């Protein structure tokens, strides 16, 4: 069968592309989905679609109307979820998608550097797998389909 996998995380690095390229090398039957990766497009889609809001709290809420729509639709298609944390930014959006995955019973892989273990401890304790590198998560993905 084929798998759909949601990639939750901060869009500022190209961590997702790397996942997508190493997976294709191994020819795994996995299709990845996730949020809009352009940070500028993502912050402004609210005004782009529903007109320039007067204040900044309304500009973000309008953009979140659209981005939460995209996330809900793709998450509903996702068989399981991979969420990556990094040392920069609040990343409450990432914790939200990860916790959503767990709450809905979608298996979750968390990718995180060990130096962030303490603030992630409740979330990683709930995850199926916590690793520190994309390379480790790839090995977990390969093991899904291996025969020996």
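Numbering follows the first chain given and starts at 1.
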Got a sec? Mean C-alpha B-factor, which is higher, 66-74 or 22-30?
22-30
Which is higher in the entry, the mean Cα B factor of 89-97 or that of 49-57?
49-57
Using the entry's values, work out which of 1, 8, 5, 144 has the largest Cα B factor.
1
Place residue 14 in the lowest, middle or highest third of its chain's C-alpha B-factors, as listed in the PDB entry.
highest
Compare the C-alpha B factor of residue 112 with those of the other modelled residues in its chain, then answer lowest, middle or highest third.
middle
Check where residue 39 lands among this chain's C-alpha B-factors and tell me if it's the lowest, middle or highest third.
highest
